[PDB]
Amino acid sequence: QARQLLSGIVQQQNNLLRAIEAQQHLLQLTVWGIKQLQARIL
Amino acid sequence: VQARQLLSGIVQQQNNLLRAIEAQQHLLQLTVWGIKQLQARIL
Amino acid sequence: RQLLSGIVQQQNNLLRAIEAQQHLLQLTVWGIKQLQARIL
Amino acid sequence: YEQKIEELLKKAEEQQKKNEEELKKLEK
Amino acid sequence: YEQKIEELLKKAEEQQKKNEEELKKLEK
Amino acid sequence: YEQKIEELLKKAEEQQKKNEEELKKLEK
């Protein structure tokens, strides 16, 4: 009946997952970069 | 005919999560820039 | 009408993911603060 | 930014609670 | 990474509008 | 923290597949 809103909702849920995964890859790089700056100090 | 109030909550919950991810993105942008500055200072 | 329950569960999974990302991010924001402060 | 993110997260936590009660309140 | 994330954020923003404008349609 | 995020995102992908194959049963 309201299938078309459910279809946009699952699409959005996919859009949001993908964006969190891209942010995760970027977050990981900053954690890594911070660790090298820490080791330079130590 | 039921569960249309539920769909309401779902859709505003997605606005909730997008707005949180959008805010998180600005803060992450800032940390990346901050690291770049810190890397430039060593080089 | 059975698919609603996997959407709500997925929304709970994403929220939980974004909350764990926020801990990590708060941690890196604080780490950056301490590196800036050593410079100053 | 951290304070803003916390407020949006808090909101999403409550709304998630509402939707689970709406979801259980989906039966006879 | 930063260009890909805004690409996906824009896509999610143009889909939120679809879903919301789709919701006032349901509310009749 | 990173291991945890990986686990929740793991879970999210599979729930996403389950959601989409089920929306397919409802015809797209």
# chains A, B, ... in the order shown; residues from 1 in each chain; ligands from 1
call {"tool": "residues_around", "arguments": {"residues": "residue 34 (chain A)", "least_positions_apart": "5", "cutoff": "12 Å", "atoms": "only C-alpha atoms", "output": "PyMOL selection string"}}
result
(chain A and resi 27-29+39-41) or (chain B and resi 31-32+34-39) or (chain C and resi 25+27-36)
call {"tool": "calpha_fit_rmsd", "arguments": {"fixed": "chain F", "moving": "chain D"}}
result
2.0 Å
call {"tool": "closest_residue", "arguments": {"among": "E:7, E:13, E:27, E:19", "to": "residue 4 (chain A)", "atoms": "only C-alpha atoms"}}
result
E:19
call {"tool": "interface_residues", "arguments": {"of": "chain A", "to": "chain C", "cutoff": "10 Å", "atoms": "only C-alpha atoms", "output": "ChimeraX atom specification"}}
result
/A:1-3,6,9-10,13-14,16-17,20-21,23-24,27-28,30-35,37-38,41
call {"tool": "closest_atom_pairs", "arguments": {"of": "chain B", "to": "chain C", "cutoff": "9 Å", "atoms": "only C-alpha atoms", "output": "Markdown table"}}
result
| residue | atom | partner | partner_atom | distance |
| --- | --- | --- | --- | --- |
| B:3 | CA | C:1 | CA | 8.4 |
| B:6 | CA | C:4 | CA | 8.6 |
| B:7 | CA | C:4 | CA | 8.1 |
| B:10 | CA | C:8 | CA | 7.0 |
| B:13 | CA | C:11 | CA | 7.8 |
| B:14 | CA | C:11 | CA | 7.8 |
| B:17 | CA | C:15 | CA | 6.8 |
| B:20 | CA | C:18 | CA | 7.9 |
| B:21 | CA | C:18 | CA | 7.3 |
| B:24 | CA | C:22 | CA | 7.4 |
| B:27 | CA | C:25 | CA | 8.0 |
| B:28 | CA | C:25 | CA | 7.1 |
| B:30 | CA | C:29 | CA | 8.8 |
| B:31 | CA | C:29 | CA | 6.4 |
| B:34 | CA | C:32 | CA | 7.1 |
| B:35 | CA | C:32 | CA | 7.3 |
| B:38 | CA | C:36 | CA | 7.9 |
call {"tool": "residues_around", "arguments": {"residues": "residue 20 (chain D)", "least_positions_apart": "2", "cutoff": "9 Å", "atoms": "only C-alpha atoms", "output": "PyMOL selection string"}}
result
(chain B and resi 6) or (chain C and resi 5+8-9) or (chain D and resi 15-18+22-25)
call {"tool": "atom_distance", "arguments": {"atom1": "CA of residue 8 (chain F)", "atom2": "CA of residue 9 (chain D)"}}
result
16.4 Å
call {"tool": "atom_distance", "arguments": {"atom1": "CA of residue 26 (chain B)", "atom2": "CA of residue 43 (chain B)"}}
result
26.1 Å
call {"tool": "decode", "arguments": {"residues": "chain E", "atoms": "N, CA and C atoms", "output": "PDB file, in the first residue's frame"}}
result
ATOM      1  N   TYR E   1      38.399  10.815   0.480  1.00  0.00           N
ATOM      2  CA  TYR E   1      37.372  10.381   1.431  1.00  0.00           C
ATOM      3  C   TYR E   1      36.377  11.498   1.727  1.00  0.00           C
ATOM      4  N   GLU E   2      36.860  12.735   1.823  1.00  0.00           N
ATOM      5  CA  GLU E   2      36.031  13.849   2.255  1.00  0.00           C
ATOM      6  C   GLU E   2      35.082  14.290   1.157  1.00  0.00           C
ATOM      7  N   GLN E   3      35.490  14.129  -0.107  1.00  0.00           N
ATOM      8  CA  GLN E   3      34.586  14.392  -1.222  1.00  0.00           C
ATOM      9  C   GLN E   3      33.538  13.292  -1.348  1.00  0.00           C
ATOM     10  N   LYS E   4      33.928  12.042  -1.099  1.00  0.00           N
ATOM     11  CA  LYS E   4      32.943  10.970  -1.157  1.00  0.00           C
ATOM     12  C   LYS E   4      31.905  11.122  -0.049  1.00  0.00           C
ATOM     13  N   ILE E   5      32.313  11.590   1.129  1.00  0.00           N
ATOM     14  CA  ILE E   5      31.348  11.678   2.217  1.00  0.00           C
ATOM     15  C   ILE E   5      30.305  12.767   1.940  1.00  0.00           C
ATOM     16  N   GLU E   6      30.708  13.910   1.393  1.00  0.00           N
ATOM     17  CA  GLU E   6      29.686  14.918   1.116  1.00  0.00           C
ATOM     18  C   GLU E   6      28.788  14.498  -0.039  1.00  0.00           C
ATOM     19  N   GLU E   7      29.337  13.774  -1.006  1.00  0.00           N
ATOM     20  CA  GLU E   7      28.529  13.168  -2.054  1.00  0.00           C
ATOM     21  C   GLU E   7      27.416  12.305  -1.470  1.00  0.00           C
ATOM     22  N   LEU E   8      27.760  11.428  -0.518  1.00  0.00           N
ATOM     23  CA  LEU E   8      26.742  10.581   0.106  1.00  0.00           C
ATOM     24  C   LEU E   8      25.817  11.381   1.018  1.00  0.00           C
ATOM     25  N   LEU E   9      26.331  12.415   1.695  1.00  0.00           N
ATOM     26  CA  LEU E   9      25.467  13.243   2.531  1.00  0.00           C
ATOM     27  C   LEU E   9      24.440  14.002   1.694  1.00  0.00           C
ATOM     28  N   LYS E  10      24.876  14.616   0.586  1.00  0.00           N
ATOM     29  CA  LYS E  10      23.932  15.264  -0.314  1.00  0.00           C
ATOM     30  C   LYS E  10      22.890  14.268  -0.797  1.00  0.00           C
ATOM     31  N   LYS E  11      23.337  13.079  -1.228  1.00  0.00           N
ATOM     32  CA  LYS E  11      22.382  12.070  -1.674  1.00  0.00           C
ATOM     33  C   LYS E  11      21.395  11.722  -0.562  1.00  0.00           C
ATOM     34  N   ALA E  12      21.867  11.652   0.687  1.00  0.00           N
ATOM     35  CA  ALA E  12      20.949  11.346   1.777  1.00  0.00           C
ATOM     36  C   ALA E  12      20.034  12.533   2.078  1.00  0.00           C
ATOM     37  N   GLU E  13      20.490  13.754   1.801  1.00  0.00           N
ATOM     38  CA  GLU E  13      19.624  14.902   2.024  1.00  0.00           C
ATOM     39  C   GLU E  13      18.549  15.012   0.950  1.00  0.00           C
ATOM     40  N   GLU E  14      18.877  14.707  -0.304  1.00  0.00           N
ATOM     41  CA  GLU E  14      17.863  14.719  -1.355  1.00  0.00           C
ATOM     42  C   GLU E  14      16.911  13.538  -1.266  1.00  0.00           C
ATOM     43  N   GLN E  15      17.236  12.520  -0.462  1.00  0.00           N
ATOM     44  CA  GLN E  15      16.332  11.397  -0.224  1.00  0.00           C
ATOM     45  C   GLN E  15      15.468  11.588   1.017  1.00  0.00           C
ATOM     46  N   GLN E  16      15.986  12.263   2.046  1.00  0.00           N
ATOM     47  CA  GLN E  16      15.148  12.681   3.166  1.00  0.00           C
ATOM     48  C   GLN E  16      13.953  13.503   2.688  1.00  0.00           C
ATOM     49  N   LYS E  17      14.187  14.422   1.746  1.00  0.00           N
ATOM     50  CA  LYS E  17      13.107  15.258   1.229  1.00  0.00           C
ATOM     51  C   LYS E  17      12.074  14.423   0.495  1.00  0.00           C
ATOM     52  N   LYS E  18      12.532  13.520  -0.373  1.00  0.00           N
ATOM     53  CA  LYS E  18      11.626  12.568  -1.003  1.00  0.00           C
ATOM     54  C   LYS E  18      10.753  11.882   0.039  1.00  0.00           C
ATOM     55  N   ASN E  19      11.390  11.238   1.036  1.00  0.00           N
ATOM     56  CA  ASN E  19      10.663  10.446   2.032  1.00  0.00           C
ATOM     57  C   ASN E  19       9.696  11.305   2.844  1.00  0.00           C
ATOM     58  N   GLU E  20      10.086  12.542   3.166  1.00  0.00           N
ATOM     59  CA  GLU E  20       9.201  13.414   3.940  1.00  0.00           C
ATOM     60  C   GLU E  20       8.051  13.939   3.086  1.00  0.00           C
ATOM     61  N   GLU E  21       8.355  14.456   1.896  1.00  0.00           N
ATOM     62  CA  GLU E  21       7.283  14.847   0.991  1.00  0.00           C
ATOM     63  C   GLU E  21       6.407  13.648   0.647  1.00  0.00           C
ATOM     64  N   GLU E  22       6.983  12.444   0.653  1.00  0.00           N
ATOM     65  CA  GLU E  22       6.185  11.236   0.495  1.00  0.00           C
ATOM     66  C   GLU E  22       5.307  10.962   1.707  1.00  0.00           C
ATOM     67  N   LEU E  23       5.655  11.517   2.871  1.00  0.00           N
ATOM     68  CA  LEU E  23       4.891  11.255   4.082  1.00  0.00           C
ATOM     69  C   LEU E  23       3.673  12.159   4.207  1.00  0.00           C
ATOM     70  N   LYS E  24       3.797  13.450   3.863  1.00  0.00           N
ATOM     71  CA  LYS E  24       2.613  14.306   3.826  1.00  0.00           C
ATOM     72  C   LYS E  24       1.605  13.788   2.812  1.00  0.00           C
ATOM     73  N   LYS E  25       2.080  13.066   1.796  1.00  0.00           N
ATOM     74  CA  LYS E  25       1.180  12.384   0.874  1.00  0.00           C
ATOM     75  C   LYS E  25       0.358  11.322   1.598  1.00  0.00           C
ATOM     76  N   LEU E  26       1.022  10.477   2.392  1.00  0.00           N
ATOM     77  CA  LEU E  26       0.316   9.453   3.162  1.00  0.00           C
ATOM     78  C   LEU E  26      -0.669  10.072   4.152  1.00  0.00           C
ATOM     79  N   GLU E  27      -0.270  11.156   4.830  1.00  0.00           N
ATOM     80  CA  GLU E  27      -1.142  11.839   5.787  1.00  0.00           C
ATOM     81  C   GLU E  27      -2.205  12.627   5.030  1.00  0.00           C
ATOM     82  N   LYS E  28      -3.289  11.936   4.697  1.00  0.00           N
ATOM     83  CA  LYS E  28      -4.424  12.582   4.058  1.00  0.00           C
ATOM     84  C   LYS E  28      -5.724  12.140   4.718  1.00  0.00           C
TER      85      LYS E  28
END
